[PDB]
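Listed below, chain by chain, are the residues.
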Amino acid sequence: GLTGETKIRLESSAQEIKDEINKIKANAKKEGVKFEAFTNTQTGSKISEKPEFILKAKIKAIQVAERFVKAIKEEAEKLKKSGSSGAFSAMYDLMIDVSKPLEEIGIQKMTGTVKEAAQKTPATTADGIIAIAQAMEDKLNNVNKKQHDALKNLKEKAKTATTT
């Protein structure tokens with residue numbers, strides 16, 4: 001039968017977005033590009049000057065990321081009618097748990113900030129958390145506006161010589 005967890009959505013775990021992003025990993029296999037160079041490619045980009053593949057996931061990675069901070073503020077609304085900081089511990093403690101592997105996409109940055117947000121707006125309630133969502137969202141703008149800047153560069157180097 002055709003795969004489709006969303007249909008069941010029993011666990012409702014952060015497994016949904018996990019498969020979506022993981023797509024950039026498999027998609028790379030078809031890119032042919034030297035993945036191992038994904039890091040050293042920056043310097044090698046001198047000749048290739050076509051880091052469109054690398055800049056493809058980085059942008060598509062941050063874009064989808066906005067999906068999390070959105071879910072965080074939601075689960076918080078459930079802490080209001082609950083008033084049980086206990087539930088927050090399970091959901092909150094899950095951050096590192098889900099953010100640990102997520103590193104596979106290089107987003108464990110904006111998240112790591114969540115900790116610092118625990119100093120200004122304590123998650124002692126759904127109100128504080130809802131706010132903490134802004135802290136993470138603020139980062140998305142820093143990387144989105146900074147990352148896209150690199151992509152634009154390739155615009156100036158645009159040439160018809162590209163591809164045979």
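Everything that follows concerns the structure shown earlier in this document.
Rules used in this analysis
Residues numbered from 1 in each chain as written, not as in the entry; some residues may be left out. Heavy atoms only, no water. Helix = DSSP H or I, 4+ residues; strand = E, 2+ residues; numbered from the N terminus. Polar contact = N/O pair within 3.5 Å; in protein donor to acceptor, adjacent residues only side chain to side chain. Expected span 1.5 Å × (residues − 1). Bend = angle between axes of the 7 residues up to and from the residue. Buried < 20%, exposed > 50% of the residue type's maximum accessible area, 1.4 Å probe, protein only. Salt bridge = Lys/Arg side-chain N within 4 Å of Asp/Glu carboxyl O.

Enquirer: Honestly, the environment of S12 in this entry has me stumped. Any pointers?
Expert: Structurally, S12 is set in the loop between α1 (5–8) and α2 (15–31). Along the primary structure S12 and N144 are separated by 132 residues, whereas in three dimensions their C-alpha atoms are 28 Å apart. Among the polar contacts made by the side chain of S12, one reaches the main-chain carbonyl oxygen of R9 at a distance of 3.3 Å.

Enquirer: Just checking my understanding: could you explain helix α5 (residues 85–102) for this structure?
Expert: Residue pairs spaced three or four apart in an α-helix point in one direction, given the helix's 3.6 residues per turn. For α5, built from 18 residues, the straight-helix expectation of 26 Å at 1.5 Å per residue is met to within 8% by its first-to-last C-alpha distance of 25 Å. A bend of about 25° at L94 is the largest found in α5. Listing the buried residues of α5 in full gives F88, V98, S99 and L102.

Enquirer: Explain the pattern of salt bridges here, please?
Expert: Between side chains of opposite charge, a pair can form as their charged atoms come close. Summed over all chains, the structure comprises two salt bridges. Residue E20 is joined to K23 by a salt bridge in which the shortest nitrogen-to-oxygen separation is 3.9 Å. With a gap of three residues between them, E20 and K23 both fall in helix α2, about one helical turn apart. Overall, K23 belongs to the partly exposed group, its relative accessible area being 43%. Of the charged contacts in the structure, one is a salt bridge between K78 and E75, with a shortest N-O distance of 3.6 Å. Placement of both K78 and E75 in helix α4 (residues 54–80) is noted, with a separation of three residues, approximately one turn of the helix. On the basis of relative accessible area, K78 is assigned to the partly exposed category, the value being 36%.

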